[PDB]
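What follows is a set of notes on a single structure, which appears directly below.
Coordinate-derived values only; no laboratory data. Ideal geometry is used to build each Cβ from the backbone, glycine not excepted, and the neighbour counts take in all protein chains shown.
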Amino acid sequence: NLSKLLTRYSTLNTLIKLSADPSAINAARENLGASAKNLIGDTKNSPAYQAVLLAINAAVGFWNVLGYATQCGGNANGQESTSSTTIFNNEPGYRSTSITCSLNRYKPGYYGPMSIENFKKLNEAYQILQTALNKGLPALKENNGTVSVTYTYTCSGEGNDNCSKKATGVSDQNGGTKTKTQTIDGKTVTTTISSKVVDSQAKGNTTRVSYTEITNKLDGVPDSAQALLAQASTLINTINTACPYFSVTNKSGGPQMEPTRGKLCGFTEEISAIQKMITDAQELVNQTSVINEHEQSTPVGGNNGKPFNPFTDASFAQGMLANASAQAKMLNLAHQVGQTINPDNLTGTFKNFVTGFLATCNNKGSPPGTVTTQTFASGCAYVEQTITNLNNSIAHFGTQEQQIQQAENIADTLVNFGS
Amino acid sequence: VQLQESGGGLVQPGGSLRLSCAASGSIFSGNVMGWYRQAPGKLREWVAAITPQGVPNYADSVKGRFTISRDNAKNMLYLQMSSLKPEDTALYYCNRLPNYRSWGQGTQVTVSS
Ligand SMILES: CC(=O)N[C@H]1[C@H](O[C@H]2[C@@H](O)[C@@H](CO)O[C@@H](O[C@H]3[C@H](O)[C@@H](O)[C@H](O)O[C@@H]3CO)[C@@H]2O)O[C@H](CO)[C@@H](O[C@@H]2O[C@@H](C)[C@@H](O)[C@@H](O)[C@@H]2O)[C@@H]1O[C@@H]1O[C@H](CO)[C@H](O)[C@H](O)[C@H]1O[C@@H]1O[C@@H](C)[C@@H](O)[C@@H](O)[C@@H]1O
């Protein structure tokens, strides 16, 4: 019986009153429009935005911590090299803004050097992520933003084919160029590759040897969140699949890295966590289309100027419920990203990794995406600050969370009544 | 996965009250925590929140009168209420933000002359 229910469960009586009232429903749909704009149109005050940013920064941070310690080498087909040095610019190396892949004879692979093929894949994603982070990420609703990315590497050494026509696509190795396009998203990204040779004796060549320099210029690169998450995924999965050998230089006093030698996929907790965050932010960003597809801004009421009938006049309810559920799902995943990495709830070696390295910077606050000679062995990706801002944004989403729960309950009541 | 509010009672307008919430570690540790209330004939309303680092914020209806705080050593959450009004009469509840989907029993506060 129903009266006997609406004693003990008193707020349910209120919910039914609200569901029969077209002005309460319209009020709830208005709220939903406003909470959507906070989630997908804002940056600082959007828990969703902060959680995406956090997931990207953790991937970039992971590499800023460990990249300098990571063997790479060989030639272009993942083959061992007898004498190849391949240097990638704007990368967080030991006391340097480059990373050098100069490990010879050893075959590239698991618990060995990272091949240059994988390194190029890694590097490109890193250069993009750092360029976007530097410009600042757009709010979630924007996906026609693009960014322009430029990066260089060099090849020296007898027999080193990592900058050859075959590796590169470039007509002629001295002075030549090549332009290719592809489609990240349903977007056209234009890539311009150019190659220059600098002889050993050439004037102004400090390094006493001769080398090929490759410049890649990418235009129209998507900076949307779906697109940047796909980059961080590539970054973290390249590392985890190639699983290369690393060994760290340990500082006196300092914070202490264990293990000191090993393989990079051996940080299983750290990599699982980051993969999880990326996955959870990808699902979070997916809720954006659900929200857009179910706009809540047309007012509702009884047709033929006759009282509203929640049993027949409520076919909008399915849509309202999908929208509210999406907004709620976004907020829960945002929170969940935060909890995956937050050191308050971490333990043992993983906690040290995060508090002593990943949530740290040794640059000397320099803006996001900058690589200096002191970036190595620290995250330099604003991880502590991003955690704090996520929590702040969630604290300031108190009211909206309650309004979303209410709209969802109203719609869910109406979906029930129509059956 | 437990939330136990306490401290409520019947008071007079102008009065004050200190609400308490023992929360389990799961819920509490490293999470934003907050207070909610649910008044006669209305749905549950957000009231205050506080980050792990102790930064508090408030609904406009209680700003300047209620103070939220947290004790990280003991997973406790407090709400000091001042200058109570009849309009503050409600069941008060703590939870994390975003909400854990099972609520505690809540603690009744009645402000009345
Ligand atoms: C291995 C290499 O890089 N060879 C170069 C060669 O460099 C040597 C010369 O500059 C000589 C001086 O005459 O110096 C050598 O280093 C000296 C140094 O000067 C001394 O001071 C030091 O003490 O001792 C060392 C020697 O031990 C340099 O290694 O220069 C030529 C001319 O610039 C260059 O060839 C030109 O560029 C290439 C791409 C091609 O278009 C040629 O036609 C040009 O002549 C040599 O590069 C190789 O050229 C080969 C010629 O058959 C092949 O084409 C080969 O693929 C090239 O190697 C590639 O390109 C290089 C620039 C570099 O990136 C290599 O890593 C890469 O494998």
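Is there a residue being within 14 Å of chain B (Cβ to nearest Cβ), closer than 30 Å to residue A:62 by Cα and of a type in the set (A, V, I, L, M) anywhere in the range A:311-325?
No: the range A:311-325 contains no residue that is within 14 Å of chain B (Cβ to nearest Cβ), closer than 30 Å to residue A:62 by Cα and of a type in the set (A, V, I, L, M).
Say we look at the range A:159-176 and pick out the residues that are surrounded by 14 or more Cβ atoms within 10 Å (Cβ to Cβ) and among the hydroxyl-bearing types (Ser, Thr, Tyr); which of these is nearest to the ligand (Cβ to nearest atom)?
Filtering the range A:159-176 for residues that are surrounded by 14 or more Cβ atoms within 10 Å (Cβ to Cβ) and among the hydroxyl-bearing types (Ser, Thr, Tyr), the one nearest to the ligand (Cβ to nearest atom) comes out as A:164.
Looking at B:37, B:101, which is the one that is within 15 Å of the chain's Cα centre (by Cα), charged (D, E, K, R) and either on the phi < 0 side of the Ramachandran plot or within 11 Å of chain A (Cβ to nearest Cβ) (or both)?
B:37
Would you check if residue A:336 is surrounded by fewer than 20 Cβ atoms within 10 Å (Cβ to Cβ) and either in a helix (DSSP H, G or I) or among the β-branched types (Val, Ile, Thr) (or both)?
yes
Please verify whether the range A:254-266 includes one or more residues that are closer than 18 Å to residue A:234 by Cα, surrounded by fewer than 18 Cβ atoms within 10 Å (Cβ to Cβ) and acidic (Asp, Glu).
no
Which condition breaks for residue A:40 when tested against (1) assigned to a helix (DSSP H, G or I); (2) over 21 Å from the mean Cα position of the chain (by Cα)?
Residue A:40 satisfies all of (1) assigned to a helix (DSSP H, G or I); (2) over 21 Å from the mean Cα position of the chain (by Cα) except (2).
When you check residue A:74 against the structure, is it surrounded by fewer than 21 Cβ atoms within 10 Å (Cβ to Cβ), within 15 Å of the ligand (Cβ to nearest atom) and away from every other protein chain (no Cβ under 14 Å), yes or no?
Answer is no for this residue.
What tally of residues in the range A:209-243 results from selecting those that are surrounded by 19 or more Cβ atoms within 10 Å (Cβ to Cβ) and within 16 Å of the ligand (Cβ to nearest atom)?
Number satisfying all stated conditions: 3.
Given the options B:18, B:44, B:70, name the one that is under 19 Å from residue A:395 (Cβ atoms) and more than 7 Å from chain A (Cβ to nearest Cβ).
Among B:18, B:44, B:70, only B:70 is under 19 Å from residue A:395 (Cβ atoms) and more than 7 Å from chain A (Cβ to nearest Cβ).
Here's a check for you: in the range A:198-208, which residue that is surrounded by fewer than 15 Cβ atoms within 10 Å (Cβ to Cβ) and within 10 Å of the ligand (Cβ to nearest atom) is farthest from the other protein chains (Cβ to nearest Cβ)?
The extreme case among them is A:201.
As an exercise: evaluate residue A:280 against (1) more than 14 Å from every other protein chain (Cβ to nearest Cβ); (2) more than 16 Å from the ligand (Cβ to nearest atom) and give the number of the one condition it does not meet.
(1)
Regarding residue A:185, is this residue near the ligand (Cβ under 9 Å from one of its atoms), away from every other protein chain (no Cβ under 14 Å) and either in contact with a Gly (Cβ under 9 Å, 6 or more places away or on another chain) or not small (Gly, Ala, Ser) (or both)?
no
Taking the criterion of being within 14 Å of chain B (Cβ to nearest Cβ) and either crowded, with 21+ Cβ neighbours inside 10 Å or under 16 Å from residue A:407 (Cα atoms) (or both), would at least one residue in the range A:53-71 satisfy it?
Checked the range A:53-71: at least one residue is within 14 Å of chain B (Cβ to nearest Cβ) and either crowded, with 21+ Cβ neighbours inside 10 Å or under 16 Å from residue A:407 (Cα atoms) (or both).
What are the pairs, 6+ residues apart or on separate chains, where a residue within the range A:342-362 that is within 14 Å of chain B (Cβ to nearest Cβ) has its Cβ under 7 Å from a residue that is of a type in the set (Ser, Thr, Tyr)?
A:343/A:355; A:344/B:29; A:345/B:29
How about the range B:49-88: which strands (runs of 3 or more DSSP E) wholly inside it have at least 3 residues that are crowded, with 20+ Cβ neighbours inside 10 Å?
B:66-71, B:76-81
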